[PDB]
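**Q** This one is an experimental structure. Sequence first:
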Amino acid sequence: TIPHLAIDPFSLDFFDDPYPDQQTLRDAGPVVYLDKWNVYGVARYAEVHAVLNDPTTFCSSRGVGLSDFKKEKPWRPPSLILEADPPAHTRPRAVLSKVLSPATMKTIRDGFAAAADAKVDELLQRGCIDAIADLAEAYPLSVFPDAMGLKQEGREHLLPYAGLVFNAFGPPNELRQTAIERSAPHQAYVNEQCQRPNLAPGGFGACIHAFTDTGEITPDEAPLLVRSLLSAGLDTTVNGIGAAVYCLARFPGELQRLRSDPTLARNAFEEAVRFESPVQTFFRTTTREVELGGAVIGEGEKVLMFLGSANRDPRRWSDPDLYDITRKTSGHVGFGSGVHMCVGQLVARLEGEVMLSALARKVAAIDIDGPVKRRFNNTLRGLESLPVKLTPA
Ligand code: HEM
Ligand SMILES: CCSc1ccc(C(=O)O)cc1
Ligand SMILES: [Cl-]
């Protein structure tokens with residue numbers, strides 16, 4: 001009943017151009033079996049959305065990577081939020097929700113926007129830049145570690161730790177095993193910065209620790225929740241802003257629309273999250289036998305969701321393969337959906353908005369003027385290098 005496919009969604013060929021293989025996955029049926037890794041796959045919007053929105057049947061506490069925590073030892077202590085189910089999930093979720101709240105956004109917005117304008121002005125002096133190292137990486141690196149309250153020393157470890165995290169959701173291929181081999185110093189740095197004494201007053205980290213007396217979390221939970229923000233909050237935004245710039249460079253008509261109405265900046269970023277989905281895939285584990293898209297999946301089975309594919313499903317989206325900054329994007333699953341829907345989305349959107357705003361006001365053209373290089377990762381999609389020429393408005 002369920003079709004069996006030999007496509008490896010964690011192969012370099014697949015990362016290099018996933019879209020044909022994703023259509024193959026979608027069109028094979030609502031539920032496929034991937035023989036390469038012995039997991040179920042869902043690549044259509046309807047099923048991805050369904051799975052995300054049934055956390056009881058499709059749980060996160062057995063890991064959202066290939067590895068099933070009931071069978072194997074997690075490579076690091078489980079995340080208290082990503083890798084928990086309700087009810088254990090609920091109160092740590094509420095804390096991060098309050099730390100990364102509207103009111104917090106209001107306190108950091110002017111500083112994030114100043115840094116974005118400053119960076120763009122700086123890049124315009126150089127003219128010819130690498131939009132990944134010099135922009136997509138540089139800008140979040142200039143605001144997010146400070147917003148966390150991290151010391152200056154050791155920040156070089158943040159992006160490698162994050163790449164390690166996203167590679168570790170994948171299967172035990174060479175990307176994963178190589179990241180884990182080199183992980184020790186990145187883990188040591190991160191875990192040490194998660195302790196209260198190391199997090200500057202006023203920051204997200206110190207705020208998490210200050211929530212440890214409300215009865216929502218205990219002091220011994222706070223360092224792992226800081227760990228969550230250091231895992232999830234930098235590299236994703238780097239790839240999201242990277243996606244946006246790449247899109248504006250490939251769709252000059254849309255840069256021109258953005259320039260003419262900079263208030264389109266927030267939706268232009270959202271549409272880039274749909275179009276390139278920085279977080280491409282991750283898993284759930286079935287807690288019982290279940291019927292999904294007319295197919296029967298047994299208990300204790302891993303289910304691979306293709307978020308990027310869901311976001312390009314022509315069953316859901318008109319002209320899914322176009323970047324349209326005035327698209328009604330609501331419903332996209334680039335930030336997930338349901339109880340685990342990205343708790344950091346206000347931070348991401350704020351970074352993305354104020355950067356695209358800066359570009360909209362200061363830049364007349366973005367032309368690729370060098371070889372584009374992709375960065376390969378088991379679950380993150382994004383570029384290694386994007387040489388562009390920026391023309392000042
Ligand atoms: C464009 C940028 C981002 C993207 C595409 C993204 C994507 C996602 C997705 C797809 C999920 C759902 C995972 C699941 O359902 O298992 C998620 C959850 C989460 N994200 Fe984000 N994220 C981004 C930015 C951020 C930022 C900036 C932070 C922190 C400041 C953050 C922290 C988290 C955390 C802690 C979770 C776990 C939430 C939960 O399990 O309730 N993310 N993210
Ligand atoms: C899979 C969505 S991105 C993400 C990575 C790490 C964590 C965490 O460490 O809790 C949360 C979300
Ligand atoms: Cl760790």
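**A** Good, I have the coordinates. Numbering: from 1, shown residues only. Ligands and ions are numbered 1, 2, ... in the order given.
**Q** what residues does the helix or strand containing residue 27 touch?
**A** Element membership for residue 27 (DSSP states H and E) is helix 19-28. With contact meaning Cβ atoms under 8 Å, 6 or more residues apart in numbering, helix 19-28 is reached by 3, 5, 7, 9, 14, 32, 41, 43-44, 306, 308-309, 312-313, 315, 321. Every C-beta, even on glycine, is put in place using the N, C-alpha and C of the backbone.
**Q** Ok, stretch 169-177 next?
**A** 10, 37, 64-67, 167-168, 281-283, 376-379.
**Q** How about stretch 2-17?
**A** 18, 21, 24-25, 28-29, 31-37, 40-41, 170-171, 173, 175, 281, 295, 304, 306, 374, 376-378, 381.
**Q** May I see the buried residues of that stretch?
**A** For stretch 2-17, the buried set under the neighbour-count rule, 16 or more other Cβ atoms under 10 Å, comprises 2, 5, 7-11, 14-15.
**Q** can you give me how far the longest helix along the chain is from the chain middle?
**A** The longest helix of the chain (DSSP state H) is helix 102-126. Centroid displacement of helix 102-126 relative to its chain, using Cα atoms, centre = their mean, to the nearest Å, is 21 Å.
**Q** Flag every residue of the stretch 251-393 of the chain that's near ligand 1.
**A** Neighbours of ligand 1 within the stretch 251-393 of the chain, by Cβ under 6 Å from any ligand atom: 273, 278-279, 282, 334-336, 340, 342-344, 347-348.
**Q** residues from the stretch 201-350 of the chain in reach of ligand 2?
**A** Residues of the stretch 201-350 of the chain lying close to ligand 2 by Cβ under 6 Å from any ligand atom are 227-228, 231-232, 279, 282.
**Q** Just the ones of those in helices?
**A** 227-228, 231-232.
**Q** Run through those and flag the ones next to ligand 1.
**A** 228, 232.
**Q** Could you dump the ones in helices among the residues of the stretch 201-350 of the chain next to ligand 2 into TSV with neighbour count added?
**A** Below are those laid out as TSV (neighbours: other Cβ atoms under 10 Å):
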residue	neighbour count
227	24
228	21
231	22
232	22
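**Q** who touches the host helix or strand of residue 209?
**A** Per DSSP H and E: residue 209 is located in helix 204-210. For helix 204-210, the external contacting residues (Cβ under 8 Å, 6+ apart) are 95-96, 99-100, 104, 147-150, 193-194, 196, 198-200, 219, 222, 225-226, 229.
**Q** Then stretch 45-57?
**A** Contacts with stretch 45-57, where a contact means Cβ under 8 Å, 6+ apart, come from 30-31, 42, 58, 85-86, 284, 286-288, 290, 292-293, 303, 305-307, 309-311, 313, 315-317, 331, 333, 336-341.
**Q** who touches whichever helix or strand comes after the helix holding residue 27?
**A** Beyond helix 19-28 in the direction of the C-terminus, DSSP H and E gives the next helix or strand as strand 32-34. Contact with strand 32-34 is made by 2-5, 7-9, 25, 39-43, 304, as judged by Cβ under 8 Å, 6+ apart.
**Q** can you check stretch 363-371 too?
**A** Stretch 363-371 is contacted by residues 120, 124, 128, 131, 245, 248-250, 252, 255, 259, 359, 385-393 when judged by Cβ under 8 Å, 6+ apart.
**Q** What is the burial count for the residue of the stretch 151-300 of the chain found nearest ligand 3?
**A** Closest to ligand 3 within the stretch 151-300 of the chain is residue 187: 4.2 Å, counting by Cβ to the ion. Neighbour count of residue 187, defined by other Cβ atoms under 10 Å: 16.
**Q** now do residue 341
**A** Look at residue 341: counted by other Cβ under 10 Å, it has 12 neighbours.
**Q** State the distance from it to residue 348.
**A** From residue 341 over to residue 348 the distance is 12 Å, taken as Cβ to Cβ, to the nearest Å.
**Q** Over to residue 150?
**A** In terms of Cβ to Cβ, residue 150 sits 18 Å off from residue 348.
**Q** Quick check: residue 241 touching residue 135?
**A** Yes - when contacts are counted by Cβ atoms under 8 Å, residue 241 is listed as touching residue 135 (7.1 Å).
**Q** And the two? Which one has more around it.
**A** The neighbour comparison of residue 241 against residue 135 (other Cβ under 10 Å) goes to residue 241, with 29 against 25.
**Q** Counting neighbours, what do you get for the residue lying closest to residue 241 once chain neighbours are set aside?
**A** Excluding its sequence neighbours, the residue lying closest to residue 241 (Cβ to Cβ, 6 or more residues apart in numbering) is residue 136, at 4.6 Å. By the criterion of other Cβ under 10 Å, residue 136 has 25 neighbours.
**Q** give me the number of residues near the residue of the chain at minimum distance from ligand 1?
**A** Here the chain gets closest to ligand 1 at one residue, residue 344, 2.2 Å apart by Cβ to the nearest ligand atom. When neighbours are counted by other Cβ under 10 Å, residue 344 registers 19.
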